[PDB]
Structure formats: structure tokens, C-alpha cells
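Colleague: Residue numbers (PDB author numbering), protein chains in the order written: chain B, 1 to 166; chain A, -1 to 166; chain D, 1 to 166; chain C, 1 to 166; chain G, 1 to 166; chain H, -1 to 166.
Backbone N, C-alpha and C define an ideal beta-carbon position, used for all residues, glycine too.
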Amino acid sequence: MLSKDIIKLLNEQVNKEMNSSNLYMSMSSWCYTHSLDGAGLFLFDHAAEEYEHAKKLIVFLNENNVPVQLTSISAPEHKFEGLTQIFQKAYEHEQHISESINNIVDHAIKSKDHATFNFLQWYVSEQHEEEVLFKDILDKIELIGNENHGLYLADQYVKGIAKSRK
Amino acid sequence: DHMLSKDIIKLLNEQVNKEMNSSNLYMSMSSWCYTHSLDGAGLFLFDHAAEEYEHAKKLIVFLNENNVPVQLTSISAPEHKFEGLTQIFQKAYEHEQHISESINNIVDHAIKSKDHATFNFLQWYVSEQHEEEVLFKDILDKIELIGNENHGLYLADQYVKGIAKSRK
Amino acid sequence: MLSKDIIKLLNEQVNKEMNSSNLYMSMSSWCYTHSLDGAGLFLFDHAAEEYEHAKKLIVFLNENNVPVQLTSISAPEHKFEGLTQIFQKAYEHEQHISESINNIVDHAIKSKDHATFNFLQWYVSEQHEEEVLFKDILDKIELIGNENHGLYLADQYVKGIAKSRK
Amino acid sequence: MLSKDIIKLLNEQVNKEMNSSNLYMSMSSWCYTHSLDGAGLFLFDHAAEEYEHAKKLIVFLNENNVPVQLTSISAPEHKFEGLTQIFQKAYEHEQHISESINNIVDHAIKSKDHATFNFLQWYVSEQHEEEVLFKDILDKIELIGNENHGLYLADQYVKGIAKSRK
Amino acid sequence: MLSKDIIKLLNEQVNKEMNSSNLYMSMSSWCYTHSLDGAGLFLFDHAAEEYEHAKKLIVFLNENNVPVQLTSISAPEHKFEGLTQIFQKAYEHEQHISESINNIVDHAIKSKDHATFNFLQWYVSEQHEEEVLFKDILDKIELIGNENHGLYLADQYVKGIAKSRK
Amino acid sequence: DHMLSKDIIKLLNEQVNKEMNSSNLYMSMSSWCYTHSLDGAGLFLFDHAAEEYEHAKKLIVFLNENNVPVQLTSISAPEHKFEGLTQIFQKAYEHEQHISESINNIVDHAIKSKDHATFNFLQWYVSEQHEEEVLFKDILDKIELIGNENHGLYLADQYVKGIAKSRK
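Structure follows, in C-alpha cells:
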């Protein structure tokens, strides 16, 4: 049904998405172990949400009678320097994801897979929104500043958002 | 680490990895079923895969609240080629046996180091695993009863479908 | 408002869509008369659903102040070999329809009729979904096999789906 | 089961009915495109209702294990001179339909297909009523005239009826 | 995030949108002062709705962390010849807006801002619909004609629509 | 023959324009806040801007029901560059004072021409203006109380956010 290219990209996206989840879990554990259970929670929940994206793709593939060919998931990074650094990396990571998705959309436009294109709309929208979210959080962290109690407050701010997203 | 013994931590991290790995194995198997018109099995395995991933998560939460760093290593690619519904379930069953053993090994270690809280935590996990191991045996048994000669694959898939739904 | 090309294709589509339903009614009657009232029902309802698609198009054309030009509806085929053959033909018929629709979409993209494009999204998605459905059914029929009580069970399977689509 | 004659007439009626629907859609679009969305709607809905009559017949045929043989549906007329003319043609068309139905009834009486006769009662009555409806509307339109705002009012009158029939 | 081009067009659109609102308010006051409070109301409400579009766009820019550059709003036209003329100008004005929006859509397609494209869908559809609405109203008015009681009834027709849109 | 005096009409039309102009100023200010990570302030001002546009509308309605033509002139471009949260609110407050003054001027004129119905109509408008003028002063004072020190901005934005939500 769907073109060889598309299939490859979709499978690849599944992998990136699963990979992303692990990155967020890794980041989450770093936060927890450095007394930042606000960030820890946010990222852990965000990781869960990434795994769900993967699942939607697998379902889409499954329903189109396309075999899922899962390759290895690379090991996420474990060492990080601080709350700001994590979110910086996170933000750059989300930009990369937005770009892989658009790439898939480009391909559907070019091959005229209009149904695939259609399916991908929500996904694009969800990503852009998530990309913004990370941006905001990063800005807010920077507004607060790491001097003194700011790490505490920044974590509470993040905690604040975590709970208002379940 | 300050709370749990180095050994335990190693095994727990290891287990997370096996558990994540397992999920992918089941997704792979699931897709094989779907693409060979066995959406009953496909669903069962897909849901089972999801459930595997959740077990990993529970461990991670356990590790997190004990202030233990989670060290996620790479997840190997699962096998993609399988011979038939029976073969898949056979492999699944042998896979579950292996997992049951991994877990018991962790339990042995907690007993020996006297990590009684860890032991406690592991109870549900053991029971949950044992139950799943049985489930796969039954399905395999039922599959063999039915036979694969005529409409058997169909009926076997409906039987499996039957169970998939009654586990939401 | 809309371009001469688009209008022509849309009118053409209306006709194909009406034509399709007749094909499905014809197929439906064949099923009923050969004791396959499961298939009979599925196809009858599917035919009804095709006629509704036509109607949505007519409405679209009407609200854009475009005259609907209805041409002749050709007579559908009435002789068929068997349950499998019918579904095979059905499936190939759905493939053809998916393609006429995409063609319309291609044309809107090229003339930049963005509102028309927009309107066509649901239609694309619906068709694709239906195309999948026929593939599944066809696969399930083949999994069962026409030997023994195969035809019976296959009809019950189809009946099963018919009732879980009203 | 049923006699060859009856079957022929029933099939014939289905074709007529399907044909009629298209005529009404064509007429409907003419109304819409000349700013007469009241008439447009009435006819559109009336067309849908004709299609339904066809379906009831097909169902009747199906449950009696009679194959439906659908022939081609001719293209309806597209050009009309005005609201009055359309309804005039409509009315004459409905008279013709009443007559094809009666003819079927005559035949059932003569072959003593009493069950078929029974089935046909609602259809006769329903048709007779529709024939009256068109006369009334036509009459009302004439009462109104086209001298001032007649078309606007006649269309509103028609609109009035369209909504009090769903 | 978003490309400089897009942002410029989006800001430009805000301005045209605000400008549009004023045009409609101006037109509205003309209607009121010439005893056409039906039209007056329709246009007033339509003006309000235009200002909301601008606001919607402004929100979109804000959540993407894009500065909004608001320019001066030119004075609308204040002299008009009559109900028909107003709606003619209105219709023409609407088309112009449809075209500016499509232009933005063209640009997103070309730069591959797929999220922006996505966002713009509702806007395109809402616009197309509004463009149709003005055509219908104009058409209805022509149908009625400016002769005896025409203006009155046309205003009541318009009033009719105004109230069935809040 | 209008009901109202030429003077009044002129002022009222003028006021519409100032009011529309004001809204844009607030939107501009709002966007500045959003783009500098101050979505609390951003929201407050955005909502306040919307509220200014509504004032304009009430006037237009008033003029319409009195059969007075609305003459909309150009809306000037608002200022886009600002130096900080404090500066914005300072400018805001001054702007509010200037608006109060324009409104009072209209009231003065109604008293002098004895347009008692117009006077009547203008009561709510005056009261609403006074209240808004106070509000801006209060916010300004708190912001100064807090100080744009190390965590001042974040808190001042949260304070503002606090008020924004308790005004819907």
C-alpha cells in the first residue's frame, strides 16, 4: 500500500520516539537523585507520553498491514550538569523530533500519500506544542536564575506544570 | 549507593533492560501476527508488550524513590522472522520462563543481603510473573488442542482474541 | 469561484460514487440469493454509505453555487463467481476510488484551492479506512478458506462486522 | 415464488425510482444555483426519499430471494426555465409514477399474489399523497404569482414545507 | 522558530483584519442611520468577529514567542449608496481577504512550516464560509429587488441571519 | 437632526478612537511581556486590551441608537519598544490617567450643554475608568515593593498573573 520510503521513515520514527522516552527517563532519574522531584516527575510523565506516540505509530502501521521492523534503541545519555543544561538538551532534542516529523510529512506530500499526510496532522500539532512547552520552561528557569533558592523555585514551577497536565 | 546494595542495584537495572527488551520482542511478534491476518494474537501480544514496558517503569520508580540512578543501556533489536502462531507462542513461553528466573534471582539476592523492604516490594512482581507464565502455557495448550489444520488458526486466533479483551 | 477542472472532477466523482453504490447493491443481492445474508447486509449497508458520499458532494457543490451535472449511471455487473471473487472485485473497486479521490486532491493542491483541499480531507481518510476494511475482510476469508463450513463462517464473520458499523 | 411478470415490474420500478431521484437532484441544483434554496432543499430531500423507495423494493426483492437486476440510470434533464416550470414537470412526473405503481398493483390482483398486493398498499398511498403535495405547491405558487416578491415568497412557502417533513 | 516571512505575513494579516473590522463598523453605522438596523446589526456583529480573528492570530504569535507589530489602522470608507452597494463592496472585500489568507498558506507550504499550515486550516475554512455567506445574502437581496417593500424585507432577511449567528 | 450636540458627538467619536488606540497599546505591551517570558503580565494586558475594545463598542452602540454616524479616523501605531516590567506599567498608568481626563472632559461638556441623558449614560464609564486607574497604581506599587531584583520579576509576574485570573 504505502511506499517503501514512507514505511522506512515511519519505522524510524517509532524508534526515535521510543528512544526519546528513554532519554526522558534517564533525565528524570537524574533529577530525582539530585532532589528535583518536580522536574523528575515532569520528565518521567513526558517520557510516558513519548512511548504513547510510538504506540500510535505502531497501530497505524499495524492497521495498514505494514510490518514493524524495530531496530535497537540506543542508550540515552546519563550524565548531566544541571537543571538548565537538561532542559537545554531537552529543547534541542524536541527541535530534532519536530524536524524528523516534518521530513515524513515532506515525503508524503511528494509521493502524494494523502491519507498518510492526513494522519500526520495531529502528530505535527502535538510536537509543535511540546516544543513550545520546553521553550517556555527553559525561559522561566532562566528568568528565575540559579542563584540561591531559584533551583528550588524552578523545580516547584516545573512541578506546577507537571500536575496540570495529567 | 547509600540504601540498597551494589548487587541489587545492578540486578534491578539489568531487569529494567530485559523488561524493555521483552516489550519490543512482543511488539515484533505482534506485528507478525497482524500482517498474517491474526489480529487476535496481534492484539494480545501488543497489549502484553505494553504491560512489559509498565513493569520496567515500576522498577524505575522504585529505583528513583530509593535515590538510585537508573542506568539504561541499549535495547537490542528483537527478532522479526517467525514460522507460525504455535512457534511464536512457544518462544513466548520459553521467554517468560527465562524472565521468571531472572526475577527469582533478584529475590534470592534480597533474601541473602536481608534487604527486607526490597523483598517486600518484589512480591507482586513475582506473582505477576508466575501468573503470566501460566497464561502462556494455557494458551499454548489450547492452541495445540485446537490444532492448526483447517479453520484452526482462525479459531485459535478467536480464542486468543477472547482472552485479550478479557484482560483490559 | 472554483476552477473548471475541479468542478468537472467533482461532478465526475459524484457519478462514480453513485455508480459504486449500485455495484454494491448488485453484489448484495447476489449474496442474499446465494444464502449469504451476512455479506448481503454488509454490502447493502456499504452501498447506502456510498450514496451518502455522493450526497455530501452534491451539497458541497450546491453551497458553492456550482451546478450539479449528473450523467448516466452505468449498469453494474450482476454475475459473480463466489464470495471470495466478490470481495476481490470489491477491493479492486475501492482501490480505483481511492485513486480518483487522490487525483482530485492533487488538482486542488496544484490550483491552490485550499478550501477545497480542506473539505476533501475527511473524504480521503474515509476512503482509505474503507479500503483497509476490504483488505482485512478479504484476508480473513482467505484465512478461513472456502472448504467445509468455510463459507458459512466467513459470512458470519462478515455479518459480525456489518452489525458493528451502523 | 413470485411470477416472472411481477419481478420484471418490480425491477422496472426500482430503476424508475432511482431515476426519479436523480431528476430531483438535478432540479434541486438548478434551484440552488438560481437563489431558490427553499425549493432546492425541498427537492433534494424529496430526491433522497425517492432513493429510499427504491431501497424498500430491493429489500422486498431480497427477502423473497429474487435477484435485483439494476440497469443503467439515464441522465436527468438539466435545463429548466423557472420555478413554476420545474414544479409542473415534477407534477407530471409524479403522475407517471403513480401510474407505474398502479400497473404493478393491477398485475398482482390478476395473478392473485395477495402478499405482494399487501406489501404495495403503503407504496400506493404514499405515492398518492406525494402527487397531491405537488399539486398543492403548484397551486400555492400560482396563487402567489411572480409579480413582485413572488419568487421570494413562493420559495419561502416551499422552504416552509421542506422543514415540516423531515 | 517560525520564518521571518511567515511572521511578517501573519502580522500583516492582523492589520488587514483589524482594518476590516473598522470597515464593517463604518458600514454598520451607515445602515443604522438609514433605518436599516437589520443590516446594521449583521455588520456590527460581523465586525466584532473580524476583530476576534485578529486576536486569534495575535494569540498564535504570542504563544510562539513572536513580537506582534501593530501598525496604524487606516480610516475606513464612510460614504455608501445603498444596501445593495454595501453588500457588493463587502463581498469584494471578503474576497480580497480570502486571497491574503491563501497567500499565507502558499508560503507555509513553500517553507514547509507544517505546523503553521495546520493552524491555518480553520481560518481558511471560516473565511471561505464567510465569503459564501455574503454571496448568498447578496443573491437573496437581488431576488427580492429594491422595489416596493424590498428594502424592508431584505433588511428583515438580514436581521434574520444576524440573530441566527450569535 | 441629531439628538446630541455637535460638540458631544465629536468628543464621543474621538473617544472611540482613543479607546481603540488604547487596546492596541495594550496588545503591544502584552506581546512585549510574552516575548520576555512574562506571560503573567502578558495575559493581564491582553485581557485588559480586550476590555478596552469593548468600551469602544459600547460607545459605538450608544451613538448608533442615537442615530449618530460613527466617524472612525486612523488608529496610530502603538509604541513597540519598552525597557522593563516597571516601565510598562508606568506608561500604562499614565495612559490610564490621560483616559480618565478625556472622559471627564466629555462629562464636563454634557453638564454644560445639559445633555442629562448623556451624562447619565456616562456614569458607568467614569466609574469603570476610575477603578481601572486605581488598579494600575496598585500593581505598580507592588512591583516597586517587590523590586526587580534577583527573583523579583518572577514574583511580580506571578502576582500579576494572580490578578489576571481573578478578573474573568
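1) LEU70 (chain C) lies in the alpha helix (DSSP H); which residues open and close that run?
2) To the nearest angstrom, how far is the alpha carbon of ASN102 (chain A) from that of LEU70 (chain A)?
3) DSSP state of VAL14 (chain D), grouped into three classes?
4) Is any beta-carbon of chain G found at less than 8 Å from that of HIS107 (chain D)?
5) Rounded to the nearest angstrom, how far is the Cβ of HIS93 (chain C) from that of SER26 (chain C), given a contact under 8 Å?
6) Just verifying my parser: in three-state terms, what is the DSSP assignment at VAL124 (chain B)?
7) Please give me, in chain order, every unbroken run of the beta strand (DSSP E) with length at least 3 that falls completely inside the region 80 to 128 of chain C.
8) Give every residue of the same chain whose Cβ lies closer than 6 Å to the Cβ of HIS46 (chain G), excluding the five residues on either side of it in the sequence, and list them in chain order.
9) Report all residues from its chain with a CB closer than 6 Å to the CB of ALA54 (chain H); omit the five preceding and five following residues, and keep chain order.
10) Which residues in chain B have a C-beta closer than 9 Å to the C-beta of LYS140 (chain D)? List them in chain order.
11) Check whether chain D comes within 8 Å of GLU94 (chain B), counting only Cβ atoms and requiring the distance to be less than that.
12) Given this structure, state the Cα-to-Cα distance separating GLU50 (chain B) from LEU138 (chain G), to the nearest angstrom.
13) Rounding to the nearest angstrom, what Cα-Cα distance links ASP155 (chain H) and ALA39 (chain H) in this structure?
14) Which stretch, first to last residue, makes up the alpha helix (DSSP H) that contains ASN62 (chain D)?
15) Got a sec? Which residues, its chain only, sit under 7 Å from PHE87 (chain D) by beta carbon, not counting five neighbours each side?
16) Indicate the three-state DSSP secondary structure (helix, strand or coil) for residue 181 (chain G) in the structure shown.
17) Using a Cβ cut-off of 8 Å, pull out every chain A residue sitting near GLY150 (chain D), in sequence order please.
18) Name the chain D residues that come within less than 7 Å of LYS112 (chain B), Cβ to Cβ?
19) When DSSP labels each residue in this structure, what does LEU2 (chain B) get in the three-state scheme?
20) Does chain H have any CB closer than 8 Å to the CB of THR71 (chain G)?
21) What is the DSSP secondary structure of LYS8 (chain D), reduced to helix, strand or coil?
22) DSSP three-state label for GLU77 (chain D), please.
23) When Cβ atoms are compared, which residues of the region 22 to 35 of chain A fall closer than 8 Å to chain B?
24) Could you compute how far the alpha carbon of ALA115 (chain H) sits from the alpha carbon of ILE58 (chain H)?
25) Once you ignore the five residues that flank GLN127 (chain G) on each side, which residues in its own chain have a CB closer than 7 Å to its CB?
26) Measure the Cβ-Cβ separation of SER74 (chain D) and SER74 (chain C) and say whether it is below 8 Å.
27) Within 10 angstroms of its Cβ, does residue 241 (chain A) collect 16 or more other Cβ (buried), or is it exposed?
28) Quick check: is the beta carbon of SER3 (chain H) nearer than 8 Å to any beta carbon in chain G?
29) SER164 (chain A): which of A:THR33, A:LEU41, A:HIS149 sits nearest, CA to CA?
30) Quick one: which chain G residues come within Cβ less than 7 Å of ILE58 (chain H)?
31) Which of the three DSSP states is assigned to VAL132 (chain D) in this structure?
32) Please report how far the alpha carbon of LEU10 (chain A) lies from the alpha carbon of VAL124 (chain A), in whole angstroms.
33) Less than 8 Å separating the beta-carbons of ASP37 (chain D) and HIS107 (chain D)?
34) Can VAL132 (chain C) and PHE117 (chain C) be called in contact, C-beta distance under 8 Å?
35) Pop quiz: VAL68 (chain C) and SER29 (chain D) are said to be a contact at Cβ under 8 Å. What is the actual Cβ separation, rounded to whole angstroms?
Modeller: On the basis of the coordinates in this document:
1) Here the question's residue 70 (chain C) lines up with position 70 in the fourth sequence. From DSSP, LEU70 (chain C) is part of no alpha helix (DSSP H); its letter is neither H nor E.
2) For the purposes of this step, residue 102 (chain A) is identified with residue 104 of the second sequence, where counting begins at 1. For the purposes of this step, residue 70 (chain A) is identified with residue 72 of the second sequence, where counting begins at 1. Rounded to whole angstroms, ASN102 (chain A) to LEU70 (chain A) spans 21 Å at the Cα level.
3) Your numbering for residue 14 (chain D) matches position 14 in the third sequence. In this structure, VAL14 (chain D) counts as helix in the three-state DSSP scheme.
4) The residue you call residue 107 (chain D) lines up with position 107 of the third sequence. It does not; no Cβ of chain G falls within 8 Å.
5) Here the question's residue 93 (chain C) lines up with position 93 in the fourth sequence. Here the question's residue 26 (chain C) lines up with position 26 in the fourth sequence. Contact doesn't hold; Cβ gap of about 12 Å is too wide.
6) Here residue 124 (chain B) corresponds to residue number 124 of the first sequence, with the count starting at 1. Three-state result, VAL124 (chain B): helix.
7) Here no run is fully enclosed.
8) Locating residue 46 (chain G) in the fifth sequence gives position 46, where the first residue counts as 1. Once the five neighbours on either side are set aside, the close Cβ partners of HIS46 (chain G) are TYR24.
9) Here the question's residue 54 (chain H) lines up with position 56 in the sixth sequence. The answer, listed in chain order, is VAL14, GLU17, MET18.
10) The sequence position of residue 140 (chain D) within the third sequence is 140, counting from 1. Within chain B, no C-beta atom comes less than 9 Å from the C-beta of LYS140 (chain D); the nearest is roughly 12 Å away.
11) Residue 94 (chain B) sits at position 94 when you count from the first residue of the first sequence. No, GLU94 (chain B) lies away from the interface with chain D (no Cβ there is under 8 Å from its Cβ).
12) One-based indexing of the first sequence puts residue 50 (chain B) at position 50. One-based indexing of the fifth sequence puts residue 138 (chain G) at position 138. Their backbone Cα atoms lie some 51 Å apart in a straight line.
13) To locate residue 155 (chain H), count along the sixth sequence from 1; it is residue 157. To locate residue 39 (chain H), count along the sixth sequence from 1; it is residue 41. Their Cα atoms are separated by approximately 6 Å.
14) Within the third sequence, numbered from 1, the residue matching residue 62 (chain D) stands at position 62. Note, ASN62 (chain D): alpha helix (DSSP H), 37 to 63.
15) Residue mapping note: residue 87 (chain D) aligns to position 87 of the third sequence, counting from 1. Within the same chain, and ignoring the five residues on either side of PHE87 (chain D) in sequence, the residues whose Cβ sits closer than 7 Å to its Cβ are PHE134, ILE137, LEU138, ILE141.
16) Since the displayed chain G opens at 1 and closes at 166, residue 181 (chain G) lies outside it and no answer follows.
17) Counted from its first residue, the third sequence places residue 150 (chain D) at position 150. Near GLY150 (chain D) (Cβ distances below 8 Å), the residues of chain A are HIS149.
18) In the first sequence, the residue the question calls residue 112 (chain B) occupies position 112. Near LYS112 (chain B) (Cβ distances below 7 Å), the residues of chain D are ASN102, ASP106.
19) Along the first sequence, one-based indexing puts residue 2 (chain B) at 2. Correct three-state label for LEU2 (chain B): coil.
20) As a first step, residue 71 (chain G) must be located in the fifth sequence, where it is residue number 71. Chain H contact via Cβ: present.
21) In the third sequence, counting from the first residue as 1, residue 8 (chain D) sits at position 8. Correct three-state label for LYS8 (chain D): helix.
22) Walking along the third sequence from the start, residue 77 (chain D) turns up at place 77. Under the three-state reduction of DSSP, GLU77 (chain D) is assigned to coil, being neither helix nor strand.
23) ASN22, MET25, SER26, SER28, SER29, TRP30, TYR32, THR33
24) Position 117 of the sixth sequence, counted from the first residue, corresponds to residue 115 (chain H). Position 60 of the sixth sequence, counted from the first residue, corresponds to residue 58 (chain H). Straight-line Cα distance between these residues: approximately 16 Å.
25) Indexing the fifth sequence from 1 puts residue 127 (chain G) at position 127. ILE97, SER98, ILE101, listed in sequence order.
26) The residue given as residue 74 (chain D) occupies position 74 in the third sequence. The residue given as residue 74 (chain C) occupies position 74 in the fourth sequence. With contacts defined by Cβ atoms closer than 8 Å, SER74 (chain D) and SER74 (chain C) do not form a contacting pair.
27) There is no way to answer for residue 241 (chain A), as the model of chain A reaches only from -1 to 166.
28) Indexing the sixth sequence from 1 puts residue 3 (chain H) at position 5. No, because no Cβ of chain G sits closer than 8 Å to the Cβ of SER3 (chain H).
29) Here the question's residue 164 (chain A) lines up with position 166 in the second sequence. Among A:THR33, A:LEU41, A:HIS149, the Cα nearest to that of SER164 (chain A) belongs to A:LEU41.
30) Sequence index remark: in the sixth sequence, residue 58 (chain H) carries index 60 (1-based). Correct list: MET25.
31) Translated into positions along the third sequence, residue 132 (chain D) becomes position 132. Note: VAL132 (chain D) maps to helix in three-state DSSP.
32) Taking the second sequence and counting its residues from 1, the one referred to as residue 10 (chain A) is at position 12. Taking the second sequence and counting its residues from 1, the one referred to as residue 124 (chain A) is at position 126. Each residue's alpha carbon lies about 14 Å from the other.
33) Position 37 of the third sequence holds residue 37 (chain D). Position 107 of the third sequence holds residue 107 (chain D). For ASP37 (chain D) and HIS107 (chain D), no; Cβs fall outside 8 Å.
34) As a first step, residue 132 (chain C) must be located in the fourth sequence, where it is residue number 132. As a first step, residue 117 (chain C) must be located in the fourth sequence, where it is residue number 117. No. Outside cutoff.
35) Taking the fourth sequence and counting its residues from 1, the one referred to as residue 68 (chain C) is at position 68. Taking the third sequence and counting its residues from 1, the one referred to as residue 29 (chain D) is at position 29. About 4 Å separates the beta carbon of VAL68 (chain C) from that of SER29 (chain D), a gap short enough to meet the 8 Å contact definition.
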